[PDB]
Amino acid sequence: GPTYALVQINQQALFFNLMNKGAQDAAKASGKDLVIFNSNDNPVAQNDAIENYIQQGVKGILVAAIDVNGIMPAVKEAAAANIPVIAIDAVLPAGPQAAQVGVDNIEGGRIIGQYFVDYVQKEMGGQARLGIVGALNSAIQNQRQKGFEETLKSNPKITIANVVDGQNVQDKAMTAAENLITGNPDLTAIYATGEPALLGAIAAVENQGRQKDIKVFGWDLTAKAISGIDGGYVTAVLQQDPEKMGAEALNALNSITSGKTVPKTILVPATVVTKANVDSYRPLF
């Protein structure tokens, strides 16, 4: 049977397909047989697949959980069978998993914030009036917002016009961003905490014809964000590295099964994407 199994969310999103690639490349490069289970957005099938791989005597399991609470009985079953489990992307609650691979969202906010501060100094005359489009219903995006805001203290001439809630839905983000723009004629920049907020902010800037004088910063590349980078009004987009997450997770299983230590948490850095480095991402979109 297979040596390792990766229990995956779906194969529609680029993020998961890149994670698959990273894990499979690392398996092939280390002479290991990895099978990947596409659960097609079905959390029950994730649980059942884990049980199946336990019965098959796999040597290690990777999981990107849909339901971080609902997956735990199956994770615990793997532990009772002495099969190491590494979680990737979604953070599981405390349990017997050997490691968690993922991103530090606060720190990602800090990294694009530091870029923003330098950009303000170099290209915006050392002062900016910022609006934020967040997602109040999102733990992750609230952290992304917090980390960005922390960096801004390094330039007291960056001040906040307002903070609005895009509700993690592109249309609501667009409406919110449009009212943010019309309400604040002095606004010169927008930070968006995730893909729907970023797409909504982009659409608002375009709808208001403000491509020349509002600079947009945010998270999660899309073809639309790339078009904005090429058009000059999307300045920087923070992009996660799921391929490296998959590679790190697989290599960690090799370490564990070899009898060697691995850290309980493996944080994979994100990349700030600008005009300078967007070319390397073009083939993915």
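Position 1 is the first residue in the sequence shown; the rest follow in order.
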- Query: Do the CA atoms of 250 to 258 or those of 65 to 73 have the higher mean B-factor in the entry?
  - Reply: 65 to 73
- Query: Out of 134 to 142 and 148 to 156, which stretch has the higher average CA B-factor listed in the record?
  - Reply: 148 to 156
- Given 196, 84, 93, 109, the residue at which the Cα B factor reaches its maximum: 93
- Message: Quiz for you: based on the deposited Cα B-factor, which of 274, 17, 265, 24 is highest?
- Response: 265
- Task: Name the third of the chain's ranked CA B-factors that contains residue 97, choosing lowest, middle or highest.
- Result: middle
- Query: residue 55: which third of its chain by C-alpha temperature factor?
  - Reply: highest
- Message: Splitting the chain's C-alpha B-factors into thirds, which one does residue 169 fall into?
- Response: highest
- Query: Which third, lowest, middle or highest, does the CA B-factor of residue 124 fall in along this chain?
  - Reply: highest
- Which third of the chain does residue 163 land in by C-alpha B-factor: lowest, middle or highest? highest
